[PDB]
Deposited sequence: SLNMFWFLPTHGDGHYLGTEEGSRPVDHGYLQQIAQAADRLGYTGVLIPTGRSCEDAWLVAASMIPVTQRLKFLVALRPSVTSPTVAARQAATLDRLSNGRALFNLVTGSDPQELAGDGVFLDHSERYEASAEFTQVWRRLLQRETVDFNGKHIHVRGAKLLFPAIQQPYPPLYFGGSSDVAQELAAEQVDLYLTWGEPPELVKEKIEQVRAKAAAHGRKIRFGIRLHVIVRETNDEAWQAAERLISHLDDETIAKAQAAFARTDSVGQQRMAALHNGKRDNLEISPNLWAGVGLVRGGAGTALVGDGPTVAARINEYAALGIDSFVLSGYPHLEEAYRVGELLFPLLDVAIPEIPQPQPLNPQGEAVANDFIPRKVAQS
């Protein structure tokens, strides 16, 4: 069964890419409209983004807690910019407050040098090694270990957590991107590798280069893929939807459009097609070892109902369950 995730557009949303035409204001009330739509439709979770152009994701995720019952929140976590101890207490609180629905996604991100804006100036090599030190402590702190640590970048003493998360050993850990050295910090520490939506070929390959660097540390790793979606009644209708999405400003693979990448942000590619054809490329990707799909659409409210109504009926989607209350 597949784990279908939607997305919280906390950087902004709308009907058209590249322009304020058809724009859609984003506030907690709209963000809650999407999270609840997702909770209601069967999505396992929702990816909540990171970056200084986005409302803070921990806050956004935690404010959706009393209003959803089974949706999980995939909060993007930038190692380098925060203490691993703090990050382990926040992660613990998120998991507890939501009763086991916290999920974390490690991010380091190359461009821009936004790190500077946040008092971080490590080299591409230093951030990737600090990231590795960060999540080692984090992984250890979330397992009840009192941690004394002082490597190149991270330095803590008697680091201990008074209250544990609920998921075990710790809330799952996801890692996106590709790079090269990136894949390593993952193969050695994360539970699932997130990859941009590329043609099956380039993707089958990255699954190997990843699965291998993981096996070398004798560990199993999962895969998810981040795609944009533009599904409709018919392909005719879907290509038109796609063109119009770009109309205020590419099929690099069967029903794979980089039209969405024609702008400085997002999922670069989108599965454009009718119901059975998008289902087809989706499964195809699942045949390659992808068990999770982080989809998206503009606008995200209406589009989550489309992928949920046109796609889900044609897929073996993993339907999440509301967890029972922890006994008092």
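- Absent C-alpha positions map to the deposited sequence ranges 250-282, 362-380, in order along the chain.
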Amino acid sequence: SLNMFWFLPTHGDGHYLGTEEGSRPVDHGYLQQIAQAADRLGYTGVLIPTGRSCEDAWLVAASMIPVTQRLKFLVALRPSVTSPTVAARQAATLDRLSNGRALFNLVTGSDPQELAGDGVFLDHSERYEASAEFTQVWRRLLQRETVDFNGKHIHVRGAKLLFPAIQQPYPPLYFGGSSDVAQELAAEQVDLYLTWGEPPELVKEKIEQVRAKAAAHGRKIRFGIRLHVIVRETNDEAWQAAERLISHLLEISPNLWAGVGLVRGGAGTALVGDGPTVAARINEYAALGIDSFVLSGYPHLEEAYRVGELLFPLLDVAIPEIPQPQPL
From here on, numbers count along this sequence of modelled residues.
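- Looking at mean Cα B-factors across 105-113 and 149-157, the upper value is held by 105-113.
- Mean CA temperature factor is higher for 262-270 when stretches 29-37 and 262-270 are set side by side in the entry.
- Looking only at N99, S83, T234, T93, the residue with the top Cα B factor in the deposited structure is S83.
- Residues shown: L194, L74, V203, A87. Highest C-alpha temperature factor in the entry: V203.
- Sorting the modelled residues of the chain by their CA temperature factor places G218 in the middle third.
- In the deposited entry, the Cα temperature factor of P164 sits in the middle third of values across the chain's modelled residues.
- Ranked by C-alpha B-factor against the other modelled residues of its chain, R226 falls in the lowest third.
- Sort the modelled residues of the chain by CA B factor and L17 lands in the highest third.
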